[PDB]
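Excluded from the calculations below are hydrogen atoms, water molecules and symmetry mates; all remaining heavy atoms, backbone and side chain alike, are included. Reminder, nothing fancy here: chain letters follow the sequence lines and each chain counts from 1. Whatever order the structure lists ligands and atoms in, that order sets their numbers, starting from 1.
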Amino acid sequence: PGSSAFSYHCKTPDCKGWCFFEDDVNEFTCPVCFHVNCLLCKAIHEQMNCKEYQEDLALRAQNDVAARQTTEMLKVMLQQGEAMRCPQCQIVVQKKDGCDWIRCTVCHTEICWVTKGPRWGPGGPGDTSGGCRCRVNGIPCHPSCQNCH
Amino acid sequence: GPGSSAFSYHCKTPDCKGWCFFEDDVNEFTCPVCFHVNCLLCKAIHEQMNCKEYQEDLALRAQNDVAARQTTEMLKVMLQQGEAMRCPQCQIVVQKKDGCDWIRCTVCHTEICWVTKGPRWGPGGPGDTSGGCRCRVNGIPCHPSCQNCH
Ligand SMILES: [Zn+2]
Ligand SMILES: [Zn+2]
Ligand SMILES: [Zn+2]
Ligand SMILES: [Zn+2]
Ligand SMILES: [Zn+2]
Ligand SMILES: [Zn+2]
Ligand SMILES: [Zn+2]
Ligand SMILES: [Zn+2]
Ligand SMILES: [Zn+2]
Ligand SMILES: [Zn+2]
């Protein structure tokens, strides 16, 4: 039966482990089964980085109905704007409930989840030559933004 | 648990900029930009239908239209993954309302505990602890993660 709307639930089959989300935490070591869940992929991929996991998922999706299930759902989330691609390394990033800001696990770029784009310009933190420019001229990057760092 | 925050919903009118924050006791969003009523349980605009009629009509349209079937097959995935459930009383598909651990069904008005994916109460409604998740009975939450299932 899982857990709260505020929680991530472990992906080990039938595991009762769960956690809350935190802006600067992208992995969850389940205290029940001890497997490391990646919160951006919503998957356990302990032998791979996220790009390797997602490229392998697309490969398995050609001859596996359950992987094809997963990938075609991601395609719809991407189109609906529920997920996004990292603007730097282009992995698929899925939402962490209540987090307006994400640091990519693969390339470490800061992502403004509210606007579905980079937080900063190419110079990184403090570079408002690009990115969402939250609170430049006092204006939030979107009226719904509470804290995109 | 987590730092209390507000969770946004975006209007389903194509390319509309309207948006709102989710609230426990609000299941409909009247967009202030386009004035269309969004149902926050179906995540769709179905102003001439109740939610059961909308979901039944969507399943019908799935057999011939491409977009309707990717919508319905996504819901079936969401059901197995646990990002959605069926109302324990009237059995419509209920999608997660971000930041809400309690939901009052739009069709039958049954209170739903999202945390346990089931009824909040027994058959007698509020206060009936003969069924439901029994949250806070003897000071014990219905699940350690529960943030407020009323
Ligand atoms: Zn686990
Ligand atoms: Zn990952
Ligand atoms: Zn990246
Ligand atoms: Zn931002
Ligand atoms: Zn912002
Ligand atoms: Zn609108
Ligand atoms: Zn509805
Ligand atoms: Zn119902
Ligand atoms: Zn409950
Ligand atoms: Zn509860």
### Message
Do the side chains of A:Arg60 and A:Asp56 get close enough for a salt bridge, i.e. N-O under 4.0 angstrom?
### Response
yes
#### Entry: Within less than 2.8 Å of the Zn ion (ligand 1): protein N, O or S atom count
4
### Task
Using 2.8 Å as the cut-off, note every protein N, O or S atom close to the Zn ion (ligand 5).
A:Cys134 SG, A:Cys141 SG, A:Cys145 SG, A:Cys148 SG
### Task
Evaluate whether atom CD of B:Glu111 has more than 12 neighbouring non-hydrogen atoms of other residues, nucleotides or ligands under 6.0 angstrom away.
yes
### Query
Got a donor-acceptor contact below 3.5 angstrom from the B:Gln80 side chain to the B:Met78 backbone?
no
### Message
Would you say the rings of B:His10 and A:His142 are close, in the sense that their centroids are separated by under 6.0 Å?
### Response
yes
### Query
If you count the non-hydrogen atoms of other residues, nucleotides and ligands that lie under 6.0 Å from NZ in B:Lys43, is the total more than 12?
yes
### Task
In plain terms, say whether B:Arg104 and B:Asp24 are close enough for a salt bridge, that is, a side-chain N and a carboxylate O under 4.0 Å apart.
no
### Enclosure of A:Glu46 CD (heavy-atom neighbours >12, cutoff 6.0 Å)
yes
### Message
What I'd like to find out is whether the side chain of B:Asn50 reaches to under 4.5 Å of the side chain of B:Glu53, using heavy atoms alone.
### Response
yes
### Task
Mark yes when over 12 heavy atoms from residues, nucleotides or ligands other than A:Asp24 sit less than 6.0 Å from its CG; otherwise mark no.
yes
